[PDB]
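target_26.cif follows (mmCIF, C-alpha atoms and all ligand atoms):
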data_entry
loop_
_atom_site.group_PDB
_atom_site.id
_atom_site.type_symbol
_atom_site.label_atom_id
_atom_site.label_comp_id
_atom_site.auth_asym_id
_atom_site.auth_seq_id
_atom_site.Cartn_x
_atom_site.Cartn_y
_atom_site.Cartn_z
ATOM 1 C CA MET A 1 -23.464 -18.676 -0.012
ATOM 2 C CA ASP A 2 -26.352 -18.326 -2.465
ATOM 3 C CA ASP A 3 -29.182 -20.864 -2.423
ATOM 4 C CA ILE A 4 -28.993 -21.134 -6.202
ATOM 5 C CA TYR A 5 -25.310 -22.051 -6.106
ATOM 6 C CA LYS A 6 -26.024 -24.646 -3.428
ATOM 7 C CA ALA A 7 -28.701 -26.156 -5.648
ATOM 8 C CA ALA A 8 -26.228 -26.282 -8.529
ATOM 9 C CA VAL A 9 -23.882 -28.428 -6.471
ATOM 10 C CA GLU A 10 -26.698 -30.819 -5.552
ATOM 11 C CA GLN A 11 -28.004 -30.669 -9.116
ATOM 12 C CA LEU A 12 -24.712 -31.985 -10.477
ATOM 13 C CA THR A 13 -24.940 -35.702 -11.233
ATOM 14 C CA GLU A 14 -22.604 -38.338 -9.797
ATOM 15 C CA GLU A 15 -20.064 -37.831 -12.577
ATOM 16 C CA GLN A 16 -20.279 -34.044 -12.236
ATOM 17 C CA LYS A 17 -19.812 -34.164 -8.468
ATOM 18 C CA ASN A 18 -17.054 -36.750 -8.799
ATOM 19 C CA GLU A 19 -15.300 -34.656 -11.442
ATOM 20 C CA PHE A 20 -15.433 -31.580 -9.232
ATOM 21 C CA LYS A 21 -14.346 -33.610 -6.221
ATOM 22 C CA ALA A 22 -11.241 -34.769 -8.070
ATOM 23 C CA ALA A 23 -10.408 -31.162 -8.901
ATOM 24 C CA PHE A 24 -10.716 -30.267 -5.217
ATOM 25 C CA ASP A 25 -8.143 -32.875 -4.236
ATOM 26 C CA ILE A 26 -5.718 -31.603 -6.879
ATOM 27 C CA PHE A 27 -6.665 -27.971 -6.268
ATOM 28 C CA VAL A 28 -5.882 -28.414 -2.582
ATOM 29 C CA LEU A 29 -2.624 -30.199 -3.379
ATOM 30 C CA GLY A 30 -0.164 -29.378 -0.598
ATOM 31 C CA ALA A 31 -2.934 -27.797 1.480
ATOM 32 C CA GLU A 32 -2.668 -28.694 5.165
ATOM 33 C CA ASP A 33 -6.374 -28.039 5.732
ATOM 34 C CA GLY A 34 -7.263 -29.468 2.332
ATOM 35 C CA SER A 35 -8.880 -26.221 1.167
ATOM 36 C CA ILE A 36 -7.699 -24.140 -1.789
ATOM 37 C CA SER A 37 -5.682 -21.138 -0.611
ATOM 38 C CA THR A 38 -3.590 -18.545 -2.419
ATOM 39 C CA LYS A 39 -0.637 -20.940 -2.350
ATOM 40 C CA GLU A 40 -2.634 -23.698 -4.031
ATOM 41 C CA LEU A 41 -4.515 -21.179 -6.154
ATOM 42 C CA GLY A 42 -1.329 -19.644 -7.475
ATOM 43 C CA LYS A 43 0.047 -23.077 -8.343
ATOM 44 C CA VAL A 44 -3.117 -23.993 -10.242
ATOM 45 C CA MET A 45 -3.170 -20.657 -12.040
ATOM 46 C CA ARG A 46 0.508 -21.068 -12.899
ATOM 47 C CA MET A 47 -0.367 -24.269 -14.705
ATOM 48 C CA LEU A 48 -3.049 -22.424 -16.675
ATOM 49 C CA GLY A 49 -0.382 -19.882 -17.640
ATOM 50 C CA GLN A 50 -1.361 -17.266 -15.048
ATOM 51 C CA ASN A 51 0.919 -15.869 -12.359
ATOM 52 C CA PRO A 52 -1.323 -13.812 -10.030
ATOM 53 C CA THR A 53 0.068 -12.401 -6.785
ATOM 54 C CA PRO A 54 -0.929 -13.665 -3.314
ATOM 55 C CA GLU A 55 -3.136 -10.617 -2.798
ATOM 56 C CA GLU A 56 -4.897 -11.265 -6.090
ATOM 57 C CA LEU A 57 -5.189 -14.968 -5.278
ATOM 58 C CA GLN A 58 -6.991 -14.256 -1.999
ATOM 59 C CA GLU A 59 -9.413 -11.910 -3.750
ATOM 60 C CA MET A 60 -10.248 -14.585 -6.304
ATOM 61 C CA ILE A 61 -10.944 -17.064 -3.522
ATOM 62 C CA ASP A 62 -13.104 -14.409 -1.880
ATOM 63 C CA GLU A 63 -15.290 -14.521 -4.990
ATOM 64 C CA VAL A 64 -16.442 -18.015 -4.039
ATOM 65 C CA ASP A 65 -15.511 -17.604 -0.380
ATOM 66 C CA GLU A 66 -18.342 -15.788 1.386
ATOM 67 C CA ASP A 67 -17.504 -17.227 4.800
ATOM 68 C CA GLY A 68 -14.350 -15.107 4.689
ATOM 69 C CA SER A 69 -12.405 -18.316 5.279
ATOM 70 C CA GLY A 70 -9.967 -17.177 2.596
ATOM 71 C CA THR A 71 -9.920 -20.728 1.247
ATOM 72 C CA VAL A 72 -12.155 -22.651 -1.139
ATOM 73 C CA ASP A 73 -13.596 -25.871 0.262
ATOM 74 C CA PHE A 74 -15.557 -28.666 -1.414
ATOM 75 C CA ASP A 75 -18.761 -26.637 -1.411
ATOM 76 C CA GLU A 76 -16.798 -23.487 -2.280
ATOM 77 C CA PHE A 77 -14.734 -24.895 -5.145
ATOM 78 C CA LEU A 78 -17.914 -26.443 -6.573
ATOM 79 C CA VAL A 79 -19.641 -23.076 -6.527
ATOM 80 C CA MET A 80 -16.684 -21.466 -8.284
ATOM 81 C CA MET A 81 -17.171 -23.795 -11.239
ATOM 82 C CA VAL A 82 -20.933 -23.241 -11.155
ATOM 83 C CA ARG A 83 -20.561 -19.484 -10.670
ATOM 84 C CA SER A 84 -18.145 -19.225 -13.580
ATOM 85 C CA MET A 85 -20.476 -21.247 -15.801
ATOM 86 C CA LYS A 86 -23.547 -19.187 -14.878
ATOM 87 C CA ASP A 87 -21.777 -15.884 -14.258
ATOM 88 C CA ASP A 88 -24.772 -14.366 -12.460
ATOM 89 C CA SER A 89 -22.457 -11.413 -11.915
ATOM 90 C CA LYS A 90 -23.673 -9.932 -15.198
ATOM 91 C CA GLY A 136 -20.506 -7.849 -15.372
ATOM 92 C CA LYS A 137 -20.842 -5.146 -12.721
ATOM 93 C CA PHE A 138 -19.246 -2.845 -15.284
ATOM 94 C CA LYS A 139 -15.848 -1.456 -14.316
ATOM 95 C CA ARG A 140 -13.245 -0.977 -17.042
ATOM 96 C CA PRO A 141 -10.407 -3.477 -17.654
ATOM 97 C CA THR A 142 -8.185 -1.206 -15.571
ATOM 98 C CA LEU A 143 -5.294 -3.162 -14.073
ATOM 99 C CA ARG A 144 -7.620 -6.057 -13.230
ATOM 100 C CA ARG A 145 -9.742 -8.523 -15.192
ATOM 101 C CA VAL A 146 -10.360 -12.265 -14.909
ATOM 102 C CA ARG A 147 -11.909 -14.224 -17.763
ATOM 103 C CA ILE A 148 -10.390 -17.648 -17.069
ATOM 104 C CA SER A 149 -12.609 -20.568 -18.046
ATOM 105 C CA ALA A 150 -13.244 -22.611 -14.926
ATOM 106 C CA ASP A 151 -14.393 -25.466 -17.146
ATOM 107 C CA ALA A 152 -11.062 -25.288 -19.016
ATOM 108 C CA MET A 153 -9.198 -25.166 -15.721
ATOM 109 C CA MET A 154 -10.679 -28.540 -14.845
ATOM 110 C CA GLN A 155 -8.704 -30.014 -17.714
ATOM 111 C CA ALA A 156 -5.539 -28.413 -16.346
ATOM 112 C CA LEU A 157 -6.285 -29.766 -12.879
ATOM 113 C CA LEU A 158 -6.937 -33.273 -14.198
ATOM 114 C CA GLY A 159 -4.484 -33.310 -17.109
ATOM 115 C CA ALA A 160 -5.104 -37.052 -17.036
ATOM 116 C CA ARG A 161 -7.653 -39.621 -18.181
ATOM 117 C CA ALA A 162 -7.923 -40.600 -14.524
ATOM 118 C CA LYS A 163 -8.767 -44.201 -15.396
ATOM 119 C CA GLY A 164 -7.435 -45.545 -12.101
ATOM 120 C CA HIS A 165 -10.909 -46.749 -11.144
ATOM 121 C CA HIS A 166 -12.525 -49.480 -13.233
ATOM 122 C CA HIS A 167 -16.147 -50.523 -12.760
ATOM 123 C CA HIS A 168 -18.242 -52.825 -14.941
ATOM 124 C CA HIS A 169 -21.581 -54.630 -14.832
ATOM 125 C CA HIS A 170 -23.110 -51.613 -13.098
HETATM 126 N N1 LIG B 201 -16.860 -13.140 -15.371
HETATM 127 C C1 LIG B 201 -15.955 -13.433 -14.253
HETATM 128 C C2 LIG B 201 -16.344 -14.744 -13.571
HETATM 129 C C3 LIG B 201 -15.321 -15.135 -12.509
HETATM 130 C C4 LIG B 201 -15.947 -16.136 -11.535
HETATM 131 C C5 LIG B 201 -14.943 -16.447 -10.415
HETATM 132 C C6 LIG B 201 -14.198 -17.764 -10.695
HETATM 133 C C7 LIG B 201 -13.006 -17.524 -11.620
HETATM 134 N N2 LIG B 201 -12.080 -16.529 -11.041
HETATM 135 S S1 LIG B 201 -10.534 -16.850 -11.458
HETATM 136 O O1 LIG B 201 -9.617 -15.721 -10.979
HETATM 137 O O2 LIG B 201 -10.431 -16.967 -12.977
HETATM 138 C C8 LIG B 201 -10.030 -18.369 -10.717
HETATM 139 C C9 LIG B 201 -9.389 -19.296 -11.503
HETATM 140 C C10 LIG B 201 -8.985 -20.498 -10.967
HETATM 141 C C11 LIG B 201 -9.215 -20.787 -9.624
HETATM 142 C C12 LIG B 201 -9.870 -19.853 -8.795
HETATM 143 C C13 LIG B 201 -10.131 -20.101 -7.408
HETATM 144 CL CL1 LIG B 201 -9.673 -21.576 -6.607
HETATM 145 C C14 LIG B 201 -10.782 -19.129 -6.651
HETATM 146 C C15 LIG B 201 -11.171 -17.943 -7.223
HETATM 147 C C16 LIG B 201 -10.925 -17.698 -8.560
HETATM 148 C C17 LIG B 201 -10.277 -18.640 -9.356
HETATM 149 CA CA CA B 202 -14.663 -20.925 2.438
#
Would you mind writing the file out in structure tokens?
Amino acid sequence: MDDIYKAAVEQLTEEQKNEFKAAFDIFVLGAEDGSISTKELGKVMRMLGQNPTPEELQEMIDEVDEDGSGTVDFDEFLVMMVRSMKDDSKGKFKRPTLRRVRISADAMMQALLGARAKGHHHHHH
């Protein structure tokens, strides 16, 4: 993993970390290990309107999965959001060919939450 991405995770405030954490739980819905795999990835993408194949799903995870785990964990899913936002990739070129992902990770968060998530109520901080 990149040091910059790691800093981004730590940089995120309580709300930012909490928001991402919630996505992880939903993103890893049905995951035995709790990580986000192609099975969970495909389900999430399906909600967004995408229907990528298992092979494609694993590749996407590989983007944020440097440990070759094949699954996105808490630190990995957080980076994905950060990586998408920053996009340090700077487009390595390559034509649209039969591949091309421009999904908004930030937008995906809404799909993952799809709820006000007001279960917790705290006052008098
Ligand atoms: N300029 C291109 C920037 C892509 C940055 C890479 C993150 C986004 N890739 S993705 O296929 O849209 C995508 C969408 C939802 C979930 C994903 C997960 Cl859990 C893993 C990998 C990918 C995912
Ligand atoms: Ca991983």
inquiry  = Using all atoms listed in the file, which residues have at least one atom no more than 12 Å from ligand CA 202 (chain B)? Output them as a PyMOL selection string.
reply    = chain A and resi 1+33-37+58+60-80
request  = Return as a PyMOL selection string the set of residues that the PyMOL selection byres (((chain A and resi 13-17) around 12) and not hetatm) yields on the displayed structure.
outcome  = chain A and resi 7-12+18-24+74-75+77-79+81-82+151+154
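Between ligand LIG 201 (chain B) and the residues A:43, A:2, A:26, A:147, the shortest atom-to-atom distance, using only C-alpha atoms and all ligand atoms, involves A:147.
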Kindly list the centre and edge lengths in Å, rounded to one decimal, for the axis-aligned box that covers all listed atoms of ligand LIG 201 (chain B) plus 5 Å on each of its six sides, as lines of an AutoDock Vina configuration file.
center_x = -12.9
center_y = -17.4
center_z = -11.0
size_x = 17.9
size_y = 18.4
size_z = 18.8
task = May I ask for the distance between atom CA of residue A:50 and atom CA of residue A:27, given in Å to one decimal place?
result = 14.8 Å
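Taking atom CA of residue A:148 and atom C15 of ligand LIG 201 (chain B) as the two end points, the separation is 9.9 Å.
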Need the neighbours of (-0.9, -21.6, -10.0): which residues are at most 12 Å away, counting only C-alpha atoms, as an mmCIF file with C-alpha atoms, in the frame of the given file?
data_model
loop_
_atom_site.group_PDB
_atom_site.id
_atom_site.type_symbol
_atom_site.label_atom_id
_atom_site.label_comp_id
_atom_site.auth_asym_id
_atom_site.auth_seq_id
_atom_site.Cartn_x
_atom_site.Cartn_y
_atom_site.Cartn_z
ATOM 1 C CA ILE A 26 -5.718 -31.603 -6.879
ATOM 2 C CA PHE A 27 -6.665 -27.971 -6.268
ATOM 3 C CA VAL A 28 -5.882 -28.414 -2.582
ATOM 4 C CA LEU A 29 -2.624 -30.199 -3.379
ATOM 5 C CA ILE A 36 -7.699 -24.140 -1.789
ATOM 6 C CA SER A 37 -5.682 -21.138 -0.611
ATOM 7 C CA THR A 38 -3.590 -18.545 -2.419
ATOM 8 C CA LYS A 39 -0.637 -20.940 -2.350
ATOM 9 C CA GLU A 40 -2.634 -23.698 -4.031
ATOM 10 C CA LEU A 41 -4.515 -21.179 -6.154
ATOM 11 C CA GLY A 42 -1.329 -19.644 -7.475
ATOM 12 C CA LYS A 43 0.047 -23.077 -8.343
ATOM 13 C CA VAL A 44 -3.117 -23.993 -10.242
ATOM 14 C CA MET A 45 -3.170 -20.657 -12.040
ATOM 15 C CA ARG A 46 0.508 -21.068 -12.899
ATOM 16 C CA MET A 47 -0.367 -24.269 -14.705
ATOM 17 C CA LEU A 48 -3.049 -22.424 -16.675
ATOM 18 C CA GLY A 49 -0.382 -19.882 -17.640
ATOM 19 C CA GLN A 50 -1.361 -17.266 -15.048
ATOM 20 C CA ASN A 51 0.919 -15.869 -12.359
ATOM 21 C CA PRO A 52 -1.323 -13.812 -10.030
ATOM 22 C CA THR A 53 0.068 -12.401 -6.785
ATOM 23 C CA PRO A 54 -0.929 -13.665 -3.314
ATOM 24 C CA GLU A 56 -4.897 -11.265 -6.090
ATOM 25 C CA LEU A 57 -5.189 -14.968 -5.278
ATOM 26 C CA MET A 153 -9.198 -25.166 -15.721
ATOM 27 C CA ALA A 156 -5.539 -28.413 -16.346
ATOM 28 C CA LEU A 157 -6.285 -29.766 -12.879
#
key: Pairwise distance for atom CA of residue A:83 and atom CA of residue A:164, rounded to one decimal in Å   = 29.2 Å
request  = Could you check which of A:30, A:25, A:5, A:88 is closest to ligand LIG 201 (chain B), using all atoms listed in the file?
outcome  = A:88
task = Anything within 9 Å of (-14.7, -11.4, -11.5): list those residues as a PyMOL selection string, counting only C-alpha atoms and sticking to the file's coordinates.
result = chain A and resi 60+63+84+87+89+136-137+145-147
Would you put the residues from that selection into a file with C-alpha atoms, as an mmCIF file, in the frame of the given file?
data_model
loop_
_atom_site.group_PDB
_atom_site.id
_atom_site.type_symbol
_atom_site.label_atom_id
_atom_site.label_comp_id
_atom_site.auth_asym_id
_atom_site.auth_seq_id
_atom_site.Cartn_x
_atom_site.Cartn_y
_atom_site.Cartn_z
ATOM 1 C CA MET A 60 -10.248 -14.585 -6.304
ATOM 2 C CA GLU A 63 -15.290 -14.521 -4.990
ATOM 3 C CA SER A 84 -18.145 -19.225 -13.580
ATOM 4 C CA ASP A 87 -21.777 -15.884 -14.258
ATOM 5 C CA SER A 89 -22.457 -11.413 -11.915
ATOM 6 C CA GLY A 136 -20.506 -7.849 -15.372
ATOM 7 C CA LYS A 137 -20.842 -5.146 -12.721
ATOM 8 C CA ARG A 145 -9.742 -8.523 -15.192
ATOM 9 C CA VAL A 146 -10.360 -12.265 -14.909
ATOM 10 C CA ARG A 147 -11.909 -14.224 -17.763
#
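Closest to residue A:86 among A:150, A:143, A:163, A:55 is A:150, based on only C-alpha atoms.
Between ligand LIG 201 (chain B) and the residues A:149, A:144, A:139, A:6, the shortest atom-to-atom distance, using only C-alpha atoms and all ligand atoms, involves A:149.
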At the level of N, CA and C atoms, write stretch 139-163 of chain A to a file as a PDB file, in the first residue's frame, please.
ATOM      1  N   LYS A 139      -4.060   4.054 -22.560  1.00  0.00           N
ATOM      2  CA  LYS A 139      -4.903   2.933 -22.945  1.00  0.00           C
ATOM      3  C   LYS A 139      -6.265   3.424 -23.429  1.00  0.00           C
ATOM      4  N   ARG A 140      -6.677   2.940 -24.594  1.00  0.00           N
ATOM      5  CA  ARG A 140      -7.963   3.316 -25.166  1.00  0.00           C
ATOM      6  C   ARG A 140      -9.095   2.625 -24.413  1.00  0.00           C
ATOM      7  N   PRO A 141     -10.297   3.068 -24.628  1.00  0.00           N
ATOM      8  CA  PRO A 141     -11.508   2.508 -23.958  1.00  0.00           C
ATOM      9  C   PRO A 141     -11.641   1.005 -24.193  1.00  0.00           C
ATOM     10  N   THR A 142     -11.060   0.532 -25.291  1.00  0.00           N
ATOM     11  CA  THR A 142     -11.118  -0.886 -25.619  1.00  0.00           C
ATOM     12  C   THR A 142     -12.393  -1.505 -25.057  1.00  0.00           C
ATOM     13  N   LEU A 143     -12.281  -2.736 -24.577  1.00  0.00           N
ATOM     14  CA  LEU A 143     -13.423  -3.441 -24.011  1.00  0.00           C
ATOM     15  C   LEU A 143     -13.470  -3.259 -22.495  1.00  0.00           C
ATOM     16  N   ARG A 144     -12.635  -2.356 -21.984  1.00  0.00           N
ATOM     17  CA  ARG A 144     -12.585  -2.097 -20.548  1.00  0.00           C
ATOM     18  C   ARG A 144     -12.583  -0.597 -20.268  1.00  0.00           C
ATOM     19  N   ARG A 145     -13.034  -0.225 -19.074  1.00  0.00           N
ATOM     20  CA  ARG A 145     -13.078   1.181 -18.691  1.00  0.00           C
ATOM     21  C   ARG A 145     -13.983   1.383 -17.479  1.00  0.00           C
ATOM     22  N   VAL A 146     -13.397   1.833 -16.372  1.00  0.00           N
ATOM     23  CA  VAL A 146     -14.169   2.061 -15.156  1.00  0.00           C
ATOM     24  C   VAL A 146     -14.080   3.517 -14.724  1.00  0.00           C
ATOM     25  N   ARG A 147     -15.235   4.170 -14.666  1.00  0.00           N
ATOM     26  CA  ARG A 147     -15.298   5.569 -14.261  1.00  0.00           C
ATOM     27  C   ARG A 147     -16.341   5.770 -13.162  1.00  0.00           C
ATOM     28  N   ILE A 148     -16.653   4.695 -12.445  1.00  0.00           N
ATOM     29  CA  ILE A 148     -17.638   4.754 -11.367  1.00  0.00           C
ATOM     30  C   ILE A 148     -17.187   5.718 -10.276  1.00  0.00           C
ATOM     31  N   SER A 149     -18.124   6.494  -9.729  1.00  0.00           N
ATOM     32  CA  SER A 149     -17.782   7.427  -8.676  1.00  0.00           C
ATOM     33  C   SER A 149     -17.876   6.724  -7.330  1.00  0.00           C
ATOM     34  N   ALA A 150     -16.731   6.506  -6.706  1.00  0.00           N
ATOM     35  CA  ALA A 150     -16.703   5.826  -5.422  1.00  0.00           C
ATOM     36  C   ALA A 150     -17.532   6.611  -4.410  1.00  0.00           C
ATOM     37  N   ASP A 151     -17.452   7.935  -4.485  1.00  0.00           N
ATOM     38  CA  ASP A 151     -18.225   8.774  -3.580  1.00  0.00           C
ATOM     39  C   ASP A 151     -19.722   8.512  -3.770  1.00  0.00           C
ATOM     40  N   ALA A 152     -20.141   8.391  -5.031  1.00  0.00           N
ATOM     41  CA  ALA A 152     -21.544   8.112  -5.361  1.00  0.00           C
ATOM     42  C   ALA A 152     -21.946   6.728  -4.856  1.00  0.00           C
ATOM     43  N   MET A 153     -21.026   5.788  -4.989  1.00  0.00           N
ATOM     44  CA  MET A 153     -21.263   4.424  -4.548  1.00  0.00           C
ATOM     45  C   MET A 153     -21.607   4.387  -3.068  1.00  0.00           C
ATOM     46  N   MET A 154     -21.004   5.284  -2.300  1.00  0.00           N
ATOM     47  CA  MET A 154     -21.255   5.313  -0.866  1.00  0.00           C
ATOM     48  C   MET A 154     -22.741   5.501  -0.614  1.00  0.00           C
ATOM     49  N   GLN A 155     -23.368   6.342  -1.421  1.00  0.00           N
ATOM     50  CA  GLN A 155     -24.799   6.565  -1.287  1.00  0.00           C
ATOM     51  C   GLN A 155     -25.562   5.272  -1.558  1.00  0.00           C
ATOM     52  N   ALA A 156     -25.118   4.526  -2.568  1.00  0.00           N
ATOM     53  CA  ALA A 156     -25.766   3.262  -2.902  1.00  0.00           C
ATOM     54  C   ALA A 156     -25.605   2.263  -1.760  1.00  0.00           C
ATOM     55  N   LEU A 157     -24.415   2.248  -1.171  1.00  0.00           N
ATOM     56  CA  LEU A 157     -24.122   1.334  -0.075  1.00  0.00           C
ATOM     57  C   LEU A 157     -24.953   1.673   1.158  1.00  0.00           C
ATOM     58  N   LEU A 158     -25.108   2.968   1.428  1.00  0.00           N
ATOM     59  CA  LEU A 158     -25.867   3.412   2.590  1.00  0.00           C
ATOM     60  C   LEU A 158     -27.364   3.403   2.281  1.00  0.00           C
ATOM     61  N   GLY A 159     -27.739   4.069   1.193  1.00  0.00           N
ATOM     62  CA  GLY A 159     -29.138   4.127   0.779  1.00  0.00           C
ATOM     63  C   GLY A 159     -30.052   4.293   1.984  1.00  0.00           C
ATOM     64  N   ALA A 160     -29.547   4.954   3.019  1.00  0.00           N
ATOM     65  CA  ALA A 160     -30.331   5.167   4.227  1.00  0.00           C
ATOM     66  C   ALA A 160     -29.738   6.295   5.064  1.00  0.00           C
ATOM     67  N   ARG A 161     -30.600   7.015   5.769  1.00  0.00           N
ATOM     68  CA  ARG A 161     -30.153   8.105   6.625  1.00  0.00           C
ATOM     69  C   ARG A 161     -29.293   7.582   7.769  1.00  0.00           C
ATOM     70  N   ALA A 162     -29.383   6.283   8.021  1.00  0.00           N
ATOM     71  CA  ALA A 162     -28.603   5.666   9.086  1.00  0.00           C
ATOM     72  C   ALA A 162     -28.650   6.519  10.349  1.00  0.00           C
ATOM     73  N   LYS A 163     -29.855   6.742  10.860  1.00  0.00           N
ATOM     74  CA  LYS A 163     -30.028   7.540  12.069  1.00  0.00           C
ATOM     75  C   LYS A 163     -30.299   6.644  13.272  1.00  0.00           C
TER      76      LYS A 163
END
